[PDB]
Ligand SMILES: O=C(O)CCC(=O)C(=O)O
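Shown here is one chain on its own, the form deposited without the ligand, set out as structure tokens.
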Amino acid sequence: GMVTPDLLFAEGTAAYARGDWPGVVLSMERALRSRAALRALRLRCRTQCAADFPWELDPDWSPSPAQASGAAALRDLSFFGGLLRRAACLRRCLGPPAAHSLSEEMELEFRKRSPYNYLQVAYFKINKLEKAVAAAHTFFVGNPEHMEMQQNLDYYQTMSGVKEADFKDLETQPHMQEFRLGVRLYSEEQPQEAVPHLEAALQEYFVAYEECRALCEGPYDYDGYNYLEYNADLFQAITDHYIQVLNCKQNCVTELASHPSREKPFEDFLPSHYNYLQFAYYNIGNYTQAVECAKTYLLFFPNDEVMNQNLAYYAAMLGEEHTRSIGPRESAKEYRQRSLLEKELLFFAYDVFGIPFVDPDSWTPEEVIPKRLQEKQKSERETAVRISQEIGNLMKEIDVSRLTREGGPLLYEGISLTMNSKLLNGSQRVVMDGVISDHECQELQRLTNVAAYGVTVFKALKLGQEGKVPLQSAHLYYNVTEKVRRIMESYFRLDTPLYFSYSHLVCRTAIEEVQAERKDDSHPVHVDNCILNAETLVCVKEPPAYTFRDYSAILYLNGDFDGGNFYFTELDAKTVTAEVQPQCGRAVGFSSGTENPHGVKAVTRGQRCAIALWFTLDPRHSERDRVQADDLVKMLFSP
């Protein structure tokens, strides 16, 4: 059978470590072939017997009015029979289901094009330098910030045996290759060679879009160990899985329009295709195609003034009847209609079930957004210009980065600033005192002591619902979390909204029997956003760490214990810069970037209890358990 890519990759890595160049080239080539073969098999038969069995639908069957229950039962039975037939076909095709799944690190190393690095090293060691330069160019295109591979490429170019046209890219997708080449040709004022490449780019774009939409029906994504508490019914699990699948299908338009050579996906890919096409067609002299392309562009953006001037100019040049008879292109119309229907469904799901969705298209008409959602976008636009005015007043009267992005109102009264960022010797730092009183501290202490030690807010609410922990403390925890979120948003002059990422109430117990010869630090100095190292003092914003977290906060509930301090450290993980003293109601708020490496000392006799909070600026990566927490809070206390 077709062996999995990761086993071959491991064998090739081991052979490379030992020093067997034939082994590493053989294993790497086999892995590269196997991955593509498996992907092609999945695509092929998924498409083939998704098209083999259509959904049919029964419009002729009119449900019985009086006998509603039987009509509903039959309407459910037909759909589930069709579903069972499709599932049976898929099981017949795919065969072994364990060969298609591999870890996240393996997908990462296949995205970074490491096998091409190994292959180029092996090919140079074997004296097959043509494949060596091909692999080196592929890796350099994949990773553009690598000086070494640039040096090897320059050496190969100077050393005799390499040709200019041999630089082929073995990994980039087709539809992007003719697009960039076509645009480069168009920039040199050569419209004879521009139209065929661009028309091809359109065709392979549509083909690749259709291929990519068929690889999205994947496994459902549970939040860690949340599949042990999953108690959804049939028609709820089906809709949750389909909503995730629809999100994955709509996220392909922003993946087809991105390149590693750029740090941001292209803006308005298909409309830009049509714009360049109509410019080139006007330059050549073909007028009917220019008018058609202008119309099929204005279909997407109907209020673009310049394109309207171009269309009117072409219509004046041509005849009225000709410019009336020709219309847009049908594929763009079908694409637009299907995308609009998908966006409507996703926006309804976001409005009702509170499942976040961010539009990947800038041509979406406002008529598809519900009225409830259009008011939340209106308020966040009002407060985006409100904040930008305050920064303007700060600068007009005036190290800037410590004044124009700090110093907030601190809305709630009874709250002061014990330390600002200057006394704390750093940027993006604050120490507030008195966010809560002593009653809150005692109540949260009782809540965490009764049942324990990371306890979330959703689990605390569930336990209060059952009857184990008090409900008032479980509501106070929620209220204090929201209050701290708003305080953090207000102090740092954030304009875009601040979302929730994770939060757990914890307690640390110092056992007095392991303390002997405990010279090592309890917790290493590190950073939250990336993975801090110990040699080059540089961190990588890579998937094995959480790269979406932006802001962090710690709130302390007591001060009756010894040790266990909180100290900020420089990148060297040695030089302590500033330390804080835990007390009741003290909050430490810092940005979770690489400029704030922190560490906690070792605790001694006593108890330490605190709430750790992490926030994101990305609506995609939000706390998926906060929606259910809000749902529980709404029905238990405000029915």
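Only the largest set of C-alpha atoms that superpose within 1.5 Å between the two forms is called the rigid core. Residue indices: 1-based, along the sequence shown.
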Where residue 228 meets residue 229 in the shown sequence, the number of deposited residues left unmodelled: none
Deposited residues omitted from coordinates between residue 452 and residue 453, as a class: 10 or more
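What follows is about the form solved in complex with the ligand, which we do not show.
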Non-hydrogen atom contact residue 526 with the ligand in the bound PDB entry at 4.5 angstroms: yes
4.5 Å heavy atom contact, residue 336 to the ligand in the bound PDB entry: no
The ligand contact in the bound PDB entry: residue 508, any heavy atom under 4.5 Å: yes
Contact test in the bound PDB entry: residue 554 vs the ligand, heavy atoms, 4.5 Å: yes
Contact residue in the bound PDB entry, chosen from 110, 209, 566, 363 - any heavy atom within 4.5 Å of the ligand: 566
Contacting member of 49, 43, 573, 600, with respect to the ligand in the bound PDB entry [4.5 Å, heavy atom]: 600
Region of this chain that lies against the ligand in the bound PDB entry, out of 50 to 58, 32 to 40, 63 to 71, 607 to 615 [heavy atom, 4.5 Å]: 607 to 615
Identity of the moved residue from 342, 188, 560, 521, C-alpha shift 2 angstroms or more, core fit between this form and the one not shown: 521
Post core alignment: residue 60 C-alpha displaced by 2 Å or more between this form and the one not shown: yes
